[PDB]
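Okay, so here's just one chain, in structure tokens, the form deposited in one PDB entry.
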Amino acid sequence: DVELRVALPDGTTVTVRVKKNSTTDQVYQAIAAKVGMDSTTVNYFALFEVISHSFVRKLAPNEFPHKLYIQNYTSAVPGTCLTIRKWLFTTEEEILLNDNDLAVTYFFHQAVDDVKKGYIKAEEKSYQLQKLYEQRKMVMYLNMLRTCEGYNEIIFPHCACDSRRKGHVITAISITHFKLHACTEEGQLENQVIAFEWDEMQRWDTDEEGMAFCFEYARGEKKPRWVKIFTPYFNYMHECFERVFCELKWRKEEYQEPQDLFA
């Protein structure tokens, strides 16, 4: 048995004892039980690894959280490199949890932090959000922030792309689109953005050897094209695609027979 520490959205840390070779899902479930999640909330959060002050990476199911915890332990210092964050692209489903105290509290504290890191641009509504924040009117704060650009959008660090000769791309993933932002090889934005609709996606895959996430898209009646994004986080990006399409299909599900044409 070994100790593991994991940061929570409210800034507190939880300690759990796990088997050394526990996988992501086993560790996540142990944390969820300890913090009091139930069947109504456990599926909206996940384990992430803090990569930088501006990026966290979702652990894939075959990873071992203790291996990562101890690898970064000295670098992590007082804090840990493991953290629980929301895993949800469909903001509409988030609103339906506004009567769930644990969900609201976690969503709230993460949102406050995501505004401070510039992920969510709240400048237009800053005055009312500050008033709601100071009154700890969490639901009202979240309902307003949910209208702001960047809410529930995952931004990846800049990286090379086989479909741009010179320069990098910054990948931005939300339930509404998959976006690529042009930037320089040193991360400097170049004021150009391409948006892909999710229903334009045909196939996607990883290339472990080539360190790439790959997707095939087709706009209108044109032939499909593959794009390679040379991100170190290709497994995470792949899991974002899987999650988005999972959430889109769940939404559809929530809202002579066709199964035999012949009588």
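In this text, residue numbers run from 1 along the sequence as written.
The same protein also has a form deposited with a partner chain bound, omitted here; what follows describes it.
Enquirer: What is the one choice in 154, 102, 112, 180 with a heavy atom within 4.5 Å of its partner chain in the bound PDB entry?
Expert: Result of the distance check: 180.
Enquirer: Though its partner chain is not shown, can you say which of 233, 217, 69, 44 has a heavy atom within 4.5 Å of it in the bound PDB entry?
Expert: If I apply the 4.5 Å criterion carefully, the residue I get is 217.
Enquirer: Does any part of residue 193 reach within 4.5 Å of its partner chain in the bound PDB entry? Heavy atoms only, please.
Expert: Result yes; residue 193 sits at the interface with its partner chain in the bound PDB entry.
Enquirer: Looking at the partner-bound form in the bound PDB entry, is residue 126 within 4.5 Å of its partner chain by any heavy atom?
Expert: Answer no; every heavy atom of residue 126 is more than 4.5 Å from its partner chain in the bound PDB entry.
Enquirer: Using a 4.5 angstroms cut-off on non-hydrogen atoms, would residue 169 count as touching its partner chain in the bound PDB entry?
Expert: Result yes; residue 169 sits at the interface with its partner chain in the bound PDB entry.
Enquirer: Look up in the bound PDB entry whether residue 136 has a non-hydrogen atom within 4.5 angstroms of its partner chain, and give yes or no.
Expert: No, no contact at 4.5 Å.
Enquirer: Quick one: find which of 199-207, 219-227, 56-64, 32-40 has residues within 4.5 Å of its partner chain in the bound PDB entry by heavy atom distance.
Expert: One stretch meets the cut-off, namely 219-227.
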